[PDB]
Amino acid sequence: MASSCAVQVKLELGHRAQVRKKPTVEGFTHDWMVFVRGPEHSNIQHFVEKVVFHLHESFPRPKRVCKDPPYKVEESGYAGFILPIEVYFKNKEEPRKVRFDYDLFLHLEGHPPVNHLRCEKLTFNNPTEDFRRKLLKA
């Protein structure tokens, strides 16, 4: 082949975190929501198999799996923590997935709610024709 391909796809990782009007019985002071998505409502499901959100051990059923959009977790809690995220690809070769450490931080009562956005670029060199077709639908 004379030809070669590099494909780039953009992901957005983010979260919202808000102080509750009233704490929960466990003493969870905050509502939050973390997510993985494409920018401008683009459809990353063409190439994403699933998104795994690994919550802090203090949460029940800490491995949260989303096989279909929206890839998000909504929860309540009292403290910020590092939240590993795995994005799995509909790829039959390497790489099968990419891993991020997401910083799920909360702000103190009195400060505006958290609305955080983290942009990530993924680059795939010479994907298979099957995977390439999926990436370029997104």
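Residues carry their position along the shown sequence, with the first being 1. Take the two forms, superpose them, and find the largest set of C-alpha atoms that agree within 1.5 Å; that set is the rigid core.
Exercise. After fitting on the rigid core, pick out whichever of 69 to 77 or 39 to 47 shows the bigger RMS C-alpha deviation in 7 other deposited structures of this protein.
Key: With the rigid core superposed, the C-alphas that lie farther in 7 other deposited structures of this protein are those of 39 to 47.
Quiz item: On average, which has the higher Cα B-factor in the deposited entry, 102 to 110 or 89 to 97?
Solution: Averaging CA B-factors over each stretch, the winner is 89 to 97.
Quiz item: Mean C-alpha B factor from the entry: is it higher for 23 to 31 or for 80 to 88?
Solution: In the deposited entry, the stretch with the higher C-alpha B-factor mean is 23 to 31.
Self-check item: Third assignment of residue 46 from its chain's C-alpha B-factors
Solution: CA B-factor rank for residue 46: middle third.
Practice problem: Just say lowest, middle or highest third for the CA B-factor of residue 9 relative to the other modelled residues in its chain. | Solution: As the PDB entry reports it, the C-alpha B-factor of residue 9 lands in the highest third of its chain.
Quiz prompt | B-factor third for the C-alpha atom of residue 71 within its chain | solution = Answer is middle: the recorded C-alpha B-factor places it there.
Practice problem: Just say lowest, middle or highest third for the CA B-factor of residue 134 relative to the other modelled residues in its chain. | Solution: It falls in the middle third of the chain.
Exercise. Give the position of residue 54 by CA B-factor within its chain, expressed as the lowest, middle or highest third.
Key: Lowest third - that is where residue 54 ends up once the chain's C-alpha B-factors are sorted.
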